[PDB]
Amino acid sequence: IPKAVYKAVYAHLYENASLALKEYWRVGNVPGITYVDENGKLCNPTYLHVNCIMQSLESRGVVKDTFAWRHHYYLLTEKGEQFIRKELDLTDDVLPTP
Amino acid sequence: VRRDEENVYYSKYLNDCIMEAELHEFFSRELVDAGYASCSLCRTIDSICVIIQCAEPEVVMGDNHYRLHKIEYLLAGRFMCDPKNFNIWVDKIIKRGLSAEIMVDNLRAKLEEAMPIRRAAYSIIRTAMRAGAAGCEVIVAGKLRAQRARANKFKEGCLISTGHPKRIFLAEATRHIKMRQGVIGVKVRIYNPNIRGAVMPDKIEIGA
Amino acid sequence: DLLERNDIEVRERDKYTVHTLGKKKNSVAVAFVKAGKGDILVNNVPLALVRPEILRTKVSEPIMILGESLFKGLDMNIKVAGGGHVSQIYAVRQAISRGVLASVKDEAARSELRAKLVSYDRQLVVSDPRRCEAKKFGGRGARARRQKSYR
Amino acid sequence: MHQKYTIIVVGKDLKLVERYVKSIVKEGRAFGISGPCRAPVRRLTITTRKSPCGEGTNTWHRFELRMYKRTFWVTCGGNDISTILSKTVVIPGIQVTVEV
Amino acid sequence: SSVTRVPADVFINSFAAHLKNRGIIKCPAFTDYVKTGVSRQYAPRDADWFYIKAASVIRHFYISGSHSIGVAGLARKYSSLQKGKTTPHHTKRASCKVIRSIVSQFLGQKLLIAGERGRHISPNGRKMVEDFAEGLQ
Amino acid sequence: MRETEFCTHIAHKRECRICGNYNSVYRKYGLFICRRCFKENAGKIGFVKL
RNA sequence: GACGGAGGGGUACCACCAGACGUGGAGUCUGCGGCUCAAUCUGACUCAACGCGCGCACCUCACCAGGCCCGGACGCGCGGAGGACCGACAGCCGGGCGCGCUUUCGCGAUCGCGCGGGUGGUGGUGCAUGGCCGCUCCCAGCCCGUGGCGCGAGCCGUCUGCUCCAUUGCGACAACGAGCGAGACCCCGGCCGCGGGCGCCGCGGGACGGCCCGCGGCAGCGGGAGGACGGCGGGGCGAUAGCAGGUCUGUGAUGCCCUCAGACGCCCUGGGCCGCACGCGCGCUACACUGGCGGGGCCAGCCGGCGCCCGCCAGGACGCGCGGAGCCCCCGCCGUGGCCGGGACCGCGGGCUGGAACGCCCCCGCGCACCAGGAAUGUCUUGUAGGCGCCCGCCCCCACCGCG
């Protein structure tokens with residue numbers, strides 16, 4: 001599973017402070033998350049890959065999710081906000097956009 | 001006279017109705033401490049306004065309103081709408097006791113605090129009666145400290161049971177409180193004849 | 001077919017003094033009456049030539065009881081939609097009776113003419129209230145029910 | 001300028017839609033807003049068995065979602081009707097759409 | 001008007017003889033041995049049926065006026081039940097080719113003119129239909 | 001490899017929103033809600049009785 | 001309290017009178033039991049199981065015979081970035097898939113292992129439960145405060161009178177005031193105004209046992225009327241107390257047990273659920289002349305697209321913006337013959353949908369029972385029964401089904 005895919009998930013988390021994921025089979029992979037491959041165009045991380053990273057973050061507690069109507073509803077935790085800042089080389093000056 | 005039948009506008013209205021119901025469930029799950037009761041969408045030209053009737057606004061707001069901000073972007077992402085364009089406006093609801101949805105939440109917490117079922121139910125009943133409900137009824141059902149299932153119903157005052165007025169004058173809220181032995185489902189029914197908007201059909205006000 | 005606004009759409013103006021409506025079993029007839037030679041037309045067709053050949057006397061029944069001379073001097077344009085053939089024959093006799101009576105209006109002659117029709121056939125000038133009943137779950141029929149296998 | 005802007009009000013509740021009608025007619029009455037054109041009600045219906053299982057005499061819950069739609073005709077300057085939308089009373093859960 | 005004053009059946013039968021005498025339509029004679037409509041089972045026994053169908057189809061296009069009804073709509077006017085099956089019988093449309101052949105002859109004859117969507121009766125054809133009707137009266 | 005043996009398409013996999021259940025999707029107005037799932041959520045959609 | 005082949009009242013076409021229209025007989029459709037199976041996944045069995053758990057080629061799908069991985073998070077001891085892991089060409093095996101094998105090139109903690117702990121499961125237990133529904137009950141009944149009676153269980157109110165669809169009322173009354181259900185309410189319909197209008201669709205009225213005549217303290221009762229409409233027009237909602245009714249296989253509803261990388265996870269191919277000595281439950285089509293068969297007329301409503309050309313139809317191609325039943329009526333024909341009634345079967349063939357028929361449609365054959373159904377049994381009082389079409393739900397296609 002590519003490291004750049006992990007980076008985009010953290011990047012989305014600072015950008016939106018949240019993430020919404022659905023099911024195992026890929027419908028346009030995950031629409032709404034985009035990464036650029038070096039020789040590739042804007043590309044979508046696979047639903048399978050995004051699920052693995054966010055679940056790993058959730059056990060440590062980077063995000064907290066509520067499941068309603070077949071959709072995960074992750075919300076960034078304070079511990080997660082600290083983690084995302086280390087991941088994207090950001091600082092205490094930066095706050096999530098919302 | 002000639003009209004095409006595509007009428008995609010009817011579909012647009014319906015899709016939002018299903019979206020409102022996906023919001024209701026998601027609000028109830030994450031914001032149980034807040035005391036959230038009901039949700040509606042203004043759905044303005046290009047912008048989404050959600051007005052949530054709720055027992056306490058500040059807990060939903062958050063420090064620097066950060067909690068609300070994350071929720072606005074989570075919903076905007078899920079419903080594929082502009083982030084921040086989505087704005088939720090929390091409204092404190094007065095007469096908390098009358099709002100059945102806040103009262104099942106309070107009873108569910110008391111039952112998880114291990115309050116005795118009679119003690120917890122009576123506490124919910126008095127708060128509704130003080131808020132002016134003519135009748136408050138709480139029913140707790142499941143394996144109450146027994147492997148056999150009972151259904152203890154605690155009720156005070158006058159509560160209507162049938163008719164269209166049940167839709168207008170009766171707030172029926174259902175919870176599924178979870179205990180170690182097994183699910184204990186609680187229903188709180190609160191009846192207010194004076195809800196301002198309408199009068200009881202049977203009651204005749206008469207005159208001097 | 002269902003109570004649509006299509007009164008003037010078939011015929012433009014023509015000094016139609018009255019626009020009566022006769023309705024039987026989900027069938028409505030808008031009848032337009034003007035001074036004429038005693039001609040009556042239904043669905044752009046002579047009234048005498050109507051589809052239920054047996055029920056072609058029912059259509060002409062109000063003319064017979066009231067009298068041909070009273071009918072003479074009137075031209076009626078009737079458009080029937082909805083319902084089915086027998087109701088459309090009942091709707092047009094009702095529409096003709098109501099419309100011819102409208103010419104007398106509140107007159108003592110109208111009261112006699114309404115009574116004259118009401119005596120030969122009552123409800124000739126009065127709508128029949130019966131309407132279809134809905135199918136209810138557990139029965140193919142509105143009131144019929146499925147056969148009980150046991151008991 | 002002078003084009004025709006079609007307002008369509010789609011609402012589940014009749015009293016709510018009638019209220020939107022009153023505000024729209026009042027704001028545009030000066031602008032020659034047309035009287036409400038009421039659409040044939042869209043009585044979308046789902047009939048489902050009341051029981052989760054198949055036990056019991058089969059019973060049916062007859063659910064009907066009636067959608068009431070009013071089409072509005074105003075011919076005038078576009079900027080005025082954009083403001084007219086702000087002026088008309090906002091009903092939550094009721095939608096208006098303008099089509100030229 | 002006119003075609004209404006003469007009963008519909010007394011016009012269609014006389015018009016069938018007229019449309020065989022004037023040489024209008026001309027039976028394809030390849031559709032002569034075919035049965036109109038999947039719905040039926042034994043085929044027309046008239047043998048002059050094409051002419052009856054041809055006179056009936058012009059009379060429909062005359063009363064349609066500017067409605068300009070299509071050939072598929074005319075096939076739904078000759079639809080009947082498909083009876084003879086254990087499964088309950090339902091209405092089944094008439095053969096499109098037969099009616100398409102009839103409307104094609106009228107367009108070539110100029111009795112009927114082509115129009116947006118379906119074709120409609122031409123003024124030249126209407127003249128023939130109303131003169132025949134008044135002549136029967 | 002694994003991908004060629006993973007979720008190959010044989011037909012549409014349609015589920016009731018809220019239940020994730022293939023049976024009784026009831027997509028009459030594109031409302032993919034289960035027959036049972038719909039009765040719990042009818043008030044929210046606004047569907048009403050006589 | 002329950003029961004009574006106890007009495008007195010009532011009451012209901014889920015009961016009968018009086019009638020209707022059926023089932024049972026048959027051929028089919030389709031469930032259930034039994035049988036057979038590799039598997040024929042199961043639920044449940046009087047009412048209150050049996051076209052029920054909303055349309056099974058795959059998916060659904062839970063079952064059978066092979067297969068593929070991780071989607072075992074996180075945290076520790078340990079190992080580990082020049083190799084934790086992970087990918088594969090060609091042959092070879094294998095329906096198959098570096099799936100493995102031979103082999104010899106890739107890749108980079110995406111970390112391995114052990115342990116602890118997960119994530120799941122259409123797996124069990126509905127007699128561990130929630131919720132929901134069915135049933136008692138198409139019932140009219142259920143009950144509280146204060147006072148009275150008994151040691152009390154428990155009575156009175158809450159009536160053995162009358163009335164009513166109905167604790168619906170009235171007249172009473174150790175009861176006196178309440179409340180719930182009933183009614184009111186709500187949706188629809190029919191009738192009349194007013195306003196609007198791409199489209200008939202928004203707001204009101206009207207009917208209340210009011211009038212009249214008899215009979216009745218009364219509550220009402222029987223008529224007569226007028227009046228679209230007459231005395232519960234049809235529905236929605238549904239008391240109290242329960243069932244050890246049903247659903248854990250609708251559900252991030254869920255206790256506990258099982259399972260838990262040789263998976264009961266999740267997928268992938270093939271096959272079953274649809275088999276069938278047979279018994280039974282819905283249905284469907286018939287048994288003909290009040291009928292069949294040919295042309296012609298042509299009539300809706302929940303609600304609703306079409307044209308042109310080709311093809312026997314079925315269907316297709318190419319486009320665009322639209323649009324409509326049977327029965328019945330009318331004229332012929334056959335004509336009491338298992339006949340042209342009926343259409344089961346069965347042989348070519350033409351289409352369709354899908355990845356793929358075993359699904360469906362259609363053409364020429366082919367021509368089964370059945371000539372009115374025993375003992376039994378069911379539904380129904382006006383726009384009702386019955387006949388006759390049509391739409392929608394599920395749905396690739398498909399209704400003899402359900403809901404309209």
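Every number here is computed from the coordinates shown, using simple stated rules; none is lab data. Note that we place each Cβ from the backbone using ideal geometry, even for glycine, and neighbour counts take in every protein chain shown.
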*Roughly how many nanometres apart are two label points built 7 Å out from the Cα toward the Cβ at residue B:123 and residue E:96?*
7.5
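Run the numbers for residue B:155 and residue B:45: contour at 0.36 nm per residue of separation, minus the present Cα-Cα distance, in nm. Present the calculation step by step, with values, prior to reporting the outcome.
Values: separation 110, 0.36 × 110 = 39.60 nm, distance 4.68 nm.
Stretched fully, the residue B:155-residue B:45 segment lengthens by 34.9 nm.
For region C:17-151, give the magnitude of the charge dipole about the Cα centre (Cβ charges: +1 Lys/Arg, -1 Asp/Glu; no others), in debye to the nearest 20. Walk me through the numbers on the way to the answer.
Details: 27 positive and 11 negative charges, 279 e Å.
It comes to approximately 1340 debye.
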*Name the most mobile residue of A:73, A:47, A:24, meaning the one with the largest mean-square fluctuation, in a Gaussian network model of chain A with Cα contacts below 10 Å.*
A:24
_Hits among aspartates and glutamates - C-alpha to C-alpha of residue F:44 under 12 Å, sequence gap 8 or more where chains match_ = B:16, B:20, B:22, B:25
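Within chain C, which whole H helices from DSSP have a Cα span along their axis of at least 27 Å and a mean Kyte-Doolittle hydropathy of 0.0 or more, if any?
Both cut-offs are met by C:85-104.
Rounded to the nearest 0.05, what FRET efficiency do residue E:45 and residue E:117 give with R0 = 30 Å and r taken as the Cβ-Cβ distance? Could you check?
Values: r = 35 Å, r/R0 = 1.16.
The calculated FRET efficiency here is 0.30.
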*Regarding chain B, what whole-number volume in Å³ per residue does the convex hull of its Cα atoms give?*
217
*What is the antiparallel percent of DSSP beta bridges lying wholly in chain C, to the nearest 5?*
85
*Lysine pairs meeting the criterion (Cα under 21 Å, 8 or more apart or interchain), as found in region C:35-151*: 11
*Using a Gaussian network for chain B with springs between C-alpha atoms less than 10 Å apart, which of these wobbles most: B:93, B:51, B:125?*
B:51
*Can you list the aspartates and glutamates whose alpha carbon sits under 16 Å from that of residue D:50, skipping same-chain ones fewer than 8 residues off?*
D:64, F:40
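Step by step: find N for region B:100-191, compute 2.2 N^0.38 Å, then divide the Cα radius of gyration by it. What's the final number? List each step's numbers first, then the result.
Details: Rg = 13.0 Å, N = 92, 2.2 N^0.38 = 12.3 Å.
Taking N as the residue count of region B:100-191, the ratio is 1.06.
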*Highest-fluctuation residue, D:56, D:35, D:77 considered, GNM on chain D with Cα pairs under 10 Å*: D:56
*Which of A:22/A:64; B:12/D:87; A:3/A:79 have a Cα-Cα distance over 18 Å?*
B:12/D:87; A:3/A:79
*So which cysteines of chain B have no other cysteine's Cβ under 4.7 Å from theirs?*
B:17, B:39, B:54, B:81, B:136, B:158
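Once you average over the residues of A:72-85, how many Cβ atoms of partner chains fall within 10 Å of each Cβ?
Working: counts 1, 8, 3, 6, 4, 0, 1, 0, 0, 1, 0, 0, 0, 0.
Partner Cβ neighbours, averaged per residue: 2.
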_On a straight-distance basis, which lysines could pair with residue E:77 in a cross-link, Cα separation under 19 angstrom, same-chain partners fewer than 8 positions away excluded?_
E:35, E:53, E:92, E:97
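Taking Cα atoms of chain A, Rg/Rh with Kirkwood Rh, to two decimals? Don't jump to the answer; show the numbers that get you there.
On the way: Rg = 13.1 Å, Rh = 13.8 Å.
In chain A, Rg relative to Rh is 0.95.
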*Do any of D:12/F:39; B:70/D:22; B:155/F:49; C:23/D:15; E:20/E:110 go past 26 Å between their Cα atoms, and which?*
B:70/D:22; B:155/F:49; C:23/D:15
*Taking every pair of alpha-carbon atoms in chain D, what share in percent sits in each 5 Å bin, from 0 to the bin with the longest distance?*
2, 12, 20, 19, 12, 8, 6, 5, 5, 4, 3, 2, 1, 0
*How far is helix B:117-130 tilted, in degrees, relative to the longest principal axis of the Cα atoms in chain B, given as a value from 0 to 90 rounded to the nearest 10?*
70
*Pop out the ³J(HN,Hα) list for region B:36-46 in order, Karplus 6.51 cos²θ - 1.76 cosθ + 1.60 with θ = phi - 60°, rounded to Hz; leave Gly and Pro as x.*
5, 9, 10, 10, 9, 10, 5, 6, 6, 3, 6
*Any idea what log10 I(q)/I(0) is at q = 0.07, 0.08, 0.11 Å⁻¹ for the protein assembly as shown, Debye with uniform C-alpha scatterers and no solvent?*
-0.82, -0.99, -1.33
